[PDB]
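Worksheet for the structure shown next.
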Ligand SMILES: O=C1CCCN1c1cccc(NS(=O)(=O)c2cccc(F)c2)c1
């Protein structure tokens with residue numbers, strides 16, 4: 011029932027870069043999803059205490075949220091686009107694992123994921 015430390019967003023000895031694809035993931039992908047009417051449950055780590063989800067972090071062992079992704083992008087935490095793409099996919103998958111079909115939160119994730127997929131389809135080639 012207690013909350014874990016959030017995923018890290020800073021790690022000085024981790025290798026990191028700026029790439030044009032990572033710039034796109036911030037300026038286009040993250041910004042598109044962040045402004046969406048259904049973004050709010052995903053804009054910070056799941057607070058299992060406030061939301062009364064005592065089993066959440068017993069089930070979800072790789073938590074991820076857009077708050078974390080946003081900070082990672084702003085802090086240039088990533089080495090490549092695939093790392094960031096994986097974080098988004100982890101976020102969506104967690105939602106589908108924990109919840110059941112047709113739940114409001116799943117409909118919300120599905121809407122965000124559709125947009126995500128549309129934007130990642132237009133990911134620029136590197137350099
Ligand atoms: O699985 C995840 C990923 C992010 C949040 N989340 C989740 C899952 C179950 C319940 C709740 N609690 S809630 O108040 O934020 C809530 C309730 C009903 C609908 C809705 F959209 C939002 C949140």
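Residue numbers (the numbering used here): 11 to 137.
Yeah, the Cβ is synthetic: ideal placement off N, Cα and C, and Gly gets one too.
Asked: Residue 94: CB within 7 Å of a non-hydrogen atom of ligand 1; Found: no
Asked: Residues near residue 119 in its chain [Cβ-Cβ closer than 6 Å; skip 5 each side]; Found: 102, 105
Asked: Heavy atom of ligand 1 within 7 Å of residue 61 beta-carbon; Found: yes
Asked: Status (buried if at least 16 other CB within 10 Å, exposed otherwise) for residue 56; Found: buried
Asked: beta-carbon residue 85 near ligand 1 non-hydrogen atom, thresh 7 Å; Found: no
Asked: Given 8 Å, three or more beta-carbon pairs between the stretch 84-91 and the stretch 56-65; Found: no
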